[PDB]
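Okay, here we've got a single chain as structure tokens, the form deposited in one PDB entry, with questions on binding and movement later.
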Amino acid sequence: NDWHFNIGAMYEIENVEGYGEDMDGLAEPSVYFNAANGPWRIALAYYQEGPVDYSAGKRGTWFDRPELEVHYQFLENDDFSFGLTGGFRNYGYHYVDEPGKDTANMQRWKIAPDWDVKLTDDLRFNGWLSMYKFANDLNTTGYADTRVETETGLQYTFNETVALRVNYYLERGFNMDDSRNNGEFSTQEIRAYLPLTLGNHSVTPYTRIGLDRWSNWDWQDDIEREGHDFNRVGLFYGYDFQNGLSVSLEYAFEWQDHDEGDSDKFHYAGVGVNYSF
């Protein structure tokens, strides 16, 4: 035995500047709770996402997203670790001035291997990969029935204060049922992180470098895919209290170049707390 728990909350913001589809930005509140006992770990989350008009005081089309995940660690050694996560979410949508739409419920099932393997005293290879099935209101939801996503690479530890991580990242959305159509996309990036450790402070500068990316949200009128270049930099800061409440702040800017398109400017901001017990 022994049980250990974490509870926490996050508020985050995502916003393409201009009063576009995300009006004044996407605001996203969430709470989560998790519980671990040796090889088992179980996690609950609730989270909402939708655009906001702050002066009008209004939400646009938004969803909430309750979630359950259980993870089993098959093996954990300094030399090797392999674990597997099952999960499930419901995305409950509430439409606002979308003609012929009110409500929808779409589920998402995921299986995800995860691994860590020691290369030398200082260098490790780690990653996970997830496979997702979306299930119910796909035509009104406009999601694609299937997607894969992975982040995998190398981590070098220089000392107790500095480490570096480079990852390859991929996200692909695609439909295995050819009667669809909706929301296919593909993103590939390299992400690099430079975590820095001093006492109770973690500050980590990071960046994502675009490799290749396309979307086709307008497929019904324009069936060819739109290409993009995105590059992001950000900074994460956290502080441990040491008891074990901890808090964190994060900010990132992203340049969004389109092939057809004037470019966009995107900001992400977030704060969170949690408490381990």
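Throughout, rigid core stands for the largest set of C-alpha atoms superposing within 1.5 Å between the two forms. The first residue of the sequence shown is number 1, and the count goes up from there.
Compared with other PDB entries of the same protein, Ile209 is present in all of those that resolve the residues around it, none of them, let alone a third, dropping it.
Across the other PDB entries of this protein whose models span the neighbouring residues, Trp219 goes unmodelled in a third or more. Note on 73-81 vs 127-135: mean CA B-factor is higher in 73-81. For the pair 94-102 and 149-157, the mean B factor over Cα atoms is greater in 94-102.
Comparing C-alpha B-factors across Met176, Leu170, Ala192, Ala112 in the deposited entry, the largest value falls on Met176.
Ranking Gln188, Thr207, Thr120, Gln107 by the C-alpha B-factor listed in the PDB entry places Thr120 at the top. Placement of the Cα temperature factor of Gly227 within the chain: middle third of the modelled residues, per the deposited record. The entry lists a Cα temperature factor for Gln256 that places it in the middle third of the chain's modelled residues. Compared with the other modelled residues of the chain, the Cα B-factor recorded for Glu21 ranks in the highest third. Among the modelled residues of its chain, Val166 has a C-alpha B-factor that falls in the middle third according to the deposited record. The deposited CA B-factor of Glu28 belongs to the lowest third of values across its chain.
The discussion below concerns the form deposited in another entry, not included here.
Of the residues listed here (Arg208, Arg213, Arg65, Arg225), only one shifts its CA by 2 angstroms or more between this form and the one not shown after fitting on the rigid core, and it is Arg225. Core-superposed comparison between this form and the one not shown: the Cα of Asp22 travels 2 Å or more. When the rigid core is held fixed, the Cα atom of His258 travels 2 angstroms or more between this form and the one not shown. Once you line up the core between this form and the one not shown, the Cα of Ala43 stays within less than 2 Å of where it was. The distance between the CA atoms of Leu211 and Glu226 is at least 3 Å longer in the other entry than in the form shown here. The pair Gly261 and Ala27 is at least 3 angstroms farther apart at the CA level in the other entry than in the present model.
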